[PDB]
Structures are given as C-alpha cells and as structure tokens.
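Have a look at the structure below, then the notes.
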Amino acid sequence: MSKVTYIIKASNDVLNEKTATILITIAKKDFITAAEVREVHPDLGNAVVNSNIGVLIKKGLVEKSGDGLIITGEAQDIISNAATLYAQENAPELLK
C-alpha cells in the first residue's frame, strides 16, 4: 500500500505515487543517478521517471550532485516523516 502514498501525505500533496517513489529512489541512494532511477523501475515509467526527478529538481527536492542525484533537507524531512507514516500502518516489525 506502502510508502509512496505516505510520501504524498508527508510532503503535503506535492508528490504523486510516481514522484514519491522517484524521490524515494534517489533519497535512499546517495549518488544514485537519473540513470539508476531509470534502471530500477518496474513501475515508475521511463517517460515519467525523467519527469519525476526533474520536477523534484525544479522545486527542490532533489539536488543533483553531479553525477548522481541526492536529496535536500526538504526531502529528508518528508521521507523520514512519511516512512514513519508507513511505520504505523505497515509496521516493519513495529506495531503489528
């Protein structure tokens, strides 16, 4: 169900699924790249995937540290907050 919807929640209705997962993929990995974000995805979607990283970038949040992408403080609050919202409902092993 899982975390991106919570990312959307935590950010405050910026993300979709698509940007939430993409911001996540970068956010986790310090010097990912855009390439890796392309490379992972099952279900981001190559055309969207280009958009989602850039659209984070054009806001903030992610900062490209070049040559991989890595997130600002702004993301870092969102991801921590959102993952915690994941934690309540998923709860790896946490609540259940």
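Residues in the structure tokens are named by chain (A, B, ... in the order shown) and by number from 1 within that chain; ligands are numbered from 1 in the order shown.
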Members of chain A assigned helix (DSSP H, G or I) by DSSP, as an MDAnalysis selection string: chainID A and resid 4:11 17:28 34:40 46:59 73:89
Using only C-alpha atoms, find each residue of region 53-79 of chain A with at least one atom at most 8 Å away from an atom of region 25-33 of chain A; report its shortest atom-to-atom pair and that distance in Å (one decimal), sort the rows by chain and rising residue number, and return the result as a Markdown table.
| residue | atom | partner | partner_atom | distance |
| --- | --- | --- | --- | --- |
| A:62 | CA | A:26 | CA | 7.7 |
| A:65 | CA | A:31 | CA | 7.2 |
| A:67 | CA | A:33 | CA | 6.4 |
| A:68 | CA | A:31 | CA | 4.0 |
| A:69 | CA | A:33 | CA | 5.1 |
| A:70 | CA | A:30 | CA | 5.5 |
| A:71 | CA | A:27 | CA | 5.4 |
| A:75 | CA | A:27 | CA | 7.3 |
| A:76 | CA | A:27 | CA | 7.4 |
| A:79 | CA | A:27 | CA | 7.7 |
Shortest interatomic distance to residue 54 (chain A) - which of A:74, A:41, A:84, A:22, counting only C-alpha atoms: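 Among the listed residues, A:22 lies closest to residue 54 (chain A).
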Best match for closeness to residue 52 (chain A) among A:95, A:1, A:37, A:7, counting only C-alpha atoms: A:37
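Of the listed residues (A:59, A:18, A:64, A:96), A:18 comes nearest to residue 47 (chain A); the distances count only C-alpha atoms.
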